[PDB]
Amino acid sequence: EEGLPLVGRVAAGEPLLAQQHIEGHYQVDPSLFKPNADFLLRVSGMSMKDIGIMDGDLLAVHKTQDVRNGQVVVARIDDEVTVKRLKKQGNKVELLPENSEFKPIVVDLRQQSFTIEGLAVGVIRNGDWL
(Lines of atoms letter the chains of each structure in order from A and count residues from 1; the text may use other names and numbers.)
(Lines give C-alpha, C1' and ligand atoms only; values in the text may rest on other atoms or scores of the structure.)
Protein backbone atom coordinates (compact mmCIF):
# COMPACT_ATOMS: atom_id res chain seq x y z
CA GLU A 1 0.00 0.00 0.00
CA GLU A 2 2.90 2.41 -0.66
CA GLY A 3 3.34 2.64 -4.45
CA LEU A 4 1.33 3.61 -7.53
CA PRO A 5 -2.20 2.15 -7.30
CA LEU A 6 -3.36 -0.04 -10.13
CA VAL A 7 -6.88 0.35 -11.52
CA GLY A 8 -8.64 -2.19 -13.74
CA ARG A 9 -12.34 -2.58 -14.41
CA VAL A 10 -14.29 0.52 -13.40
CA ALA A 11 -17.88 0.11 -12.28
CA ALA A 12 -20.34 2.76 -13.46
CA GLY A 13 -21.44 5.25 -10.79
CA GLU A 14 -18.30 4.63 -8.77
CA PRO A 15 -15.18 6.82 -8.89
CA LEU A 16 -12.12 5.44 -10.70
CA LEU A 17 -9.78 5.66 -7.70
CA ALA A 18 -12.24 3.81 -5.50
CA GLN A 19 -10.73 1.19 -3.16
CA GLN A 20 -12.92 -1.55 -4.72
CA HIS A 21 -11.40 -0.69 -8.10
CA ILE A 22 -7.82 -0.66 -6.80
CA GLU A 23 -6.24 -4.07 -7.46
CA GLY A 24 -2.64 -3.41 -6.53
CA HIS A 25 0.11 -1.00 -5.57
CA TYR A 26 3.22 -0.99 -7.81
CA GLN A 27 6.44 0.39 -6.32
CA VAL A 28 7.44 2.62 -9.27
CA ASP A 29 8.87 6.16 -8.79
CA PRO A 30 6.05 8.60 -9.70
CA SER A 31 8.36 11.43 -10.76
CA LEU A 32 9.69 9.11 -13.48
CA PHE A 33 6.64 10.43 -15.35
CA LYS A 34 6.02 14.15 -16.22
CA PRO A 35 3.54 15.13 -15.08
CA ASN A 36 4.04 12.52 -12.29
CA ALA A 37 1.90 9.42 -12.45
CA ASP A 38 -0.80 9.23 -9.78
CA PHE A 39 -2.00 5.75 -10.78
CA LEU A 40 -1.85 2.96 -13.34
CA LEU A 41 -4.98 2.25 -15.39
CA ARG A 42 -5.08 -1.00 -17.32
CA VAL A 43 -5.98 -0.17 -20.89
CA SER A 44 -8.79 -1.97 -22.74
CA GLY A 45 -8.73 -2.70 -26.42
CA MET A 46 -6.45 -1.62 -29.20
CA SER A 47 -7.74 1.89 -29.92
CA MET A 48 -4.30 3.46 -29.28
CA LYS A 49 -1.82 0.88 -30.69
CA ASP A 50 -0.48 3.33 -33.31
CA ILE A 51 1.26 5.09 -30.38
CA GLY A 52 2.14 1.75 -28.77
CA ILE A 53 -0.68 1.49 -26.22
CA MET A 54 -2.01 -2.05 -26.35
CA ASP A 55 -4.68 -4.05 -24.58
CA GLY A 56 -3.42 -4.96 -21.12
CA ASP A 57 -1.00 -2.04 -20.93
CA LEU A 58 -0.86 -0.16 -17.64
CA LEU A 59 -1.30 3.52 -18.56
CA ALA A 60 0.49 5.78 -16.09
CA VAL A 61 -1.99 8.60 -15.46
CA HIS A 62 -1.55 11.98 -13.77
CA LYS A 63 -4.84 12.88 -12.07
CA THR A 64 -5.84 16.33 -13.28
CA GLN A 65 -8.25 18.30 -15.49
CA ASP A 66 -5.26 20.34 -16.78
CA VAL A 67 -5.13 18.84 -20.28
CA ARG A 68 -4.25 20.70 -23.48
CA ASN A 69 -5.56 20.10 -26.97
CA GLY A 70 -3.49 17.32 -28.52
CA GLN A 71 -2.59 15.34 -25.41
CA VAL A 72 -3.74 11.84 -24.60
CA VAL A 73 -6.26 11.90 -21.76
CA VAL A 74 -8.18 9.45 -19.71
CA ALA A 75 -11.82 10.48 -20.04
CA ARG A 76 -15.16 9.22 -18.75
CA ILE A 77 -18.12 9.51 -21.13
CA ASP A 78 -21.35 8.56 -19.36
CA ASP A 79 -19.52 6.38 -16.76
CA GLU A 80 -17.29 4.87 -19.49
CA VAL A 81 -13.50 5.21 -19.26
CA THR A 82 -11.70 5.74 -22.56
CA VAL A 83 -8.13 6.69 -23.45
CA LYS A 84 -8.06 8.91 -26.49
CA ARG A 85 -6.36 11.90 -27.97
CA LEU A 86 -8.13 15.09 -27.02
CA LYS A 87 -9.48 17.88 -29.25
CA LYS A 88 -12.01 19.99 -27.33
CA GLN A 89 -14.33 22.41 -29.20
CA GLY A 90 -16.36 24.36 -26.66
CA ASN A 91 -18.68 21.64 -25.43
CA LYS A 92 -18.42 19.43 -28.51
CA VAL A 93 -15.21 17.63 -27.60
CA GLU A 94 -13.64 15.12 -29.98
CA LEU A 95 -11.75 12.18 -28.55
CA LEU A 96 -9.47 10.77 -31.26
CA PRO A 97 -8.24 7.18 -31.57
CA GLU A 98 -4.72 6.23 -32.55
CA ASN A 99 -5.90 3.39 -34.79
CA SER A 100 -7.43 4.06 -38.19
CA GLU A 101 -9.84 1.16 -37.51
CA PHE A 102 -11.82 3.23 -34.98
CA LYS A 103 -13.85 6.44 -35.59
CA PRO A 104 -13.31 9.59 -33.53
CA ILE A 105 -15.74 10.07 -30.68
CA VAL A 106 -17.67 13.33 -30.63
CA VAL A 107 -19.33 13.83 -27.24
CA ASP A 108 -21.99 16.58 -26.86
CA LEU A 109 -21.95 17.88 -23.29
CA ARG A 110 -25.63 18.47 -23.97
CA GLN A 111 -26.17 14.77 -24.39
CA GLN A 112 -23.66 12.99 -22.16
CA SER A 113 -21.82 13.78 -18.97
CA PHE A 114 -18.11 13.98 -19.57
CA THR A 115 -15.24 14.01 -17.10
CA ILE A 116 -11.53 14.36 -17.73
CA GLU A 117 -9.85 11.98 -15.32
CA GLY A 118 -6.27 12.95 -16.01
CA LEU A 119 -3.34 13.10 -18.38
CA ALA A 120 -1.61 10.08 -19.93
CA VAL A 121 2.08 10.28 -18.98
CA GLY A 122 3.38 6.86 -19.98
CA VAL A 123 2.83 3.17 -20.02
CA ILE A 124 4.13 0.20 -18.12
CA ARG A 125 3.85 -3.21 -19.78
CA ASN A 126 4.53 -6.07 -17.38
CA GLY A 127 1.79 -8.66 -17.71
CA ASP A 128 1.49 -11.36 -15.05
CA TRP A 129 4.50 -11.29 -12.76
CA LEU A 130 3.29 -14.23 -10.58
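Residue positions are given as counts along the sequence shown, with the first one as 1.
Undergrad: Between 89-97 and 72-80, name whichever shows the higher mean Cα B factor according to the PDB entry.
TA: Comparing averages over the C-alpha atoms only gives 89-97.
Undergrad: Using the B-factors recorded in the PDB entry, average over the C-alpha atoms of 101-109 and of 35-43, then report which stretch comes out higher.
TA: Looking at the record's C-alpha B-factors, the answer is 101-109.
Undergrad: Taking the C-alpha B-factors as the PDB entry records them, is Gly127 in the lowest, middle or highest third of its chain?
TA: CA B-factor rank for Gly127: lowest third.
Undergrad: Split the chain's modelled residues into thirds by Cα B-factor; is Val10 in the lowest, middle or highest one?
TA: Its C-alpha B-factor belongs to the highest third of this chain's values.
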